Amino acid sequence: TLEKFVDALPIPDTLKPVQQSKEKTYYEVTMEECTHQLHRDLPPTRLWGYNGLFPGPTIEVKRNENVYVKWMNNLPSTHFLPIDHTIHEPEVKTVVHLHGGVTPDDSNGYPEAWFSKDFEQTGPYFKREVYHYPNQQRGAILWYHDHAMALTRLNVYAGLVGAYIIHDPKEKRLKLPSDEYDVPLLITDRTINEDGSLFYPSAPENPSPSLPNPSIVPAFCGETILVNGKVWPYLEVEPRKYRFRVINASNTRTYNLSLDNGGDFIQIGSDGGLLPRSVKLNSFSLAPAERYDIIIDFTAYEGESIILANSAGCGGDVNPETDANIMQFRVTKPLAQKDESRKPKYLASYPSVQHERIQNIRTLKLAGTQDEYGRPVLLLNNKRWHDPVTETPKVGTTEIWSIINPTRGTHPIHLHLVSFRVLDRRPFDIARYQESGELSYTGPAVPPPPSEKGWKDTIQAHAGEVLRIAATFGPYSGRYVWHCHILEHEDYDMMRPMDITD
């Protein structure tokens, strides 16, 4: 397997505006098929990249900055990854979703607002070429990625991911590590052929002859871990505090991260922004689309090589030689200047300072059926994507969503537009629920850990539990979506429209 820690971590460049005034910031990003070297010992890999880059450029904006991005498709008219036509017009459809973005609905990147090359053909929900991001939301790590109907797992795996950072000037006084000491880490697992080409399975292993070919798979686990588009890279760091914006940009894989020298992370932020208080952690779980905004303090580790380690298996136990490793820090870079940064305890308001009335309690089941080929089809509340919309919260109102998970695995449930609070998790009797539809708890409710006391947008719903979250639906009304962010689940068919109504 590929020799670990021989390539330096790329730092994606920050995208520069095409035009900028006090009133408006304008960016252009074109999707291009490109070549990139994923590891020292590999031939260059053919990939799809925002502006021909993998990951795409990092976009940095201020809170309330009035941003527009024209996302353009200049990709080949045929895909290079295996398309299964039985699960769902031009072959290559794309649309860019700003994950966590508080956007009008027609700039949100709806799966059916897709477009082919040069916008020649567009889906039924397409309205605009230029997307508008008013950024009227908390400072946070967002990320952008393809969201095209029935193609998301493929377009994302192909390379269409990037970081998008909202900076709230009100947080600047906290003196968190900044600029060169504030580094996105987009973590993507991949399987890569000897010739350097991406491998994505064309079918489950040992397919029943009943299966079509290609066939969608229910889960994808890559053999190799990349950070910022390089396989098992190293980052030379100065002996001081760094802020890392850790993004799970993987299709299926969940990580459980730790430092092999036993050092701590200081978590300062979750998907929806700064936590009310910093949380010292020795390890953390990170499912697809979750973000952890953390400080690592290397002050006391000069000279050391520290492995960012992973203990979470994907389809099997973690392998010490391969997926147990993410990247390596080498604390050998000379100090550019005095560490003027801080790791404060007091960060932001508690979400609980809000006293919203509960308009509605919405009960939602994670379930599944079997198609004519014998394949599992994962469904939210036993509905298909195309069934009439049922999740219709009223704009400006707060609901509790009670998410019932009787399946065998965790699903990272994601709502577009909003961030939300986590109320609790409670174990229930799965057999009894499956037999009778009755919910019988086998234990008391468990409130969220401090890491989940802030704002979340993608939340792990574990097997045999009811997860409750509270979300205020706004500030916009319109047509959005909610879904499992395991892309293989999302595409078949664990995704539903969400109408925020007026």
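The numbering used is simple: start at 1 and walk along the sequence shown.
Visitor: If the chain runs straight from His88 to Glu89, say none; otherwise bin the unmodelled deposited residues as 1 to 3, 4 to 9, or 10 or more.
Guide: Gap between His88 and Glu89: 4 to 9 residues without coordinates.
Visitor: If you average the CA temperature factors over each stretch, which comes out higher, 354 to 362 or 185 to 193?
Guide: The entry gives the higher C-alpha B-factor average to 354 to 362.
Visitor: Please compare 284 to 292 with 378 to 386 and name the stretch with the higher mean C-alpha B-factor in the deposited structure.
Guide: Taking the mean C-alpha B-factor of 284 to 292 and of 378 to 386, the larger value falls to 378 to 386.
Visitor: Using the entry's values, work out which of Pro44, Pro57, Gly49, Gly454 has the largest Cα B factor.
Guide: Of the candidates given, the C-alpha B-factor peaks at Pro44.
Visitor: Thinking about Cα B factors across the chain, which third does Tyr373 belong to?
Guide: Highest third, going by the recorded CA B-factors of the chain.
Visitor: Where does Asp13 sit by CA temperature factor within its chain: lowest, middle or highest third?
Guide: For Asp13, whose C-alpha B-factor we compare with every modelled residue in the chain, the answer is the middle third.
Visitor: By the recorded C-alpha temperature factor, relative to the other modelled residues in its chain, which third is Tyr110 in?
Guide: Its C-alpha B-factor belongs to the lowest third of this chain's values.
Visitor: What third of its chain's C-alpha B-factors does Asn213 belong to: lowest, middle or highest?
Guide: As the PDB entry reports it, the C-alpha B-factor of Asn213 lands in the highest third of its chain.
Visitor: Sorting the chain's modelled residues by C-alpha B-factor, tell me whether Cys314 ends up in the lowest, middle or highest third.
Guide: Highest third of the chain for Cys314's C-alpha B-factor.
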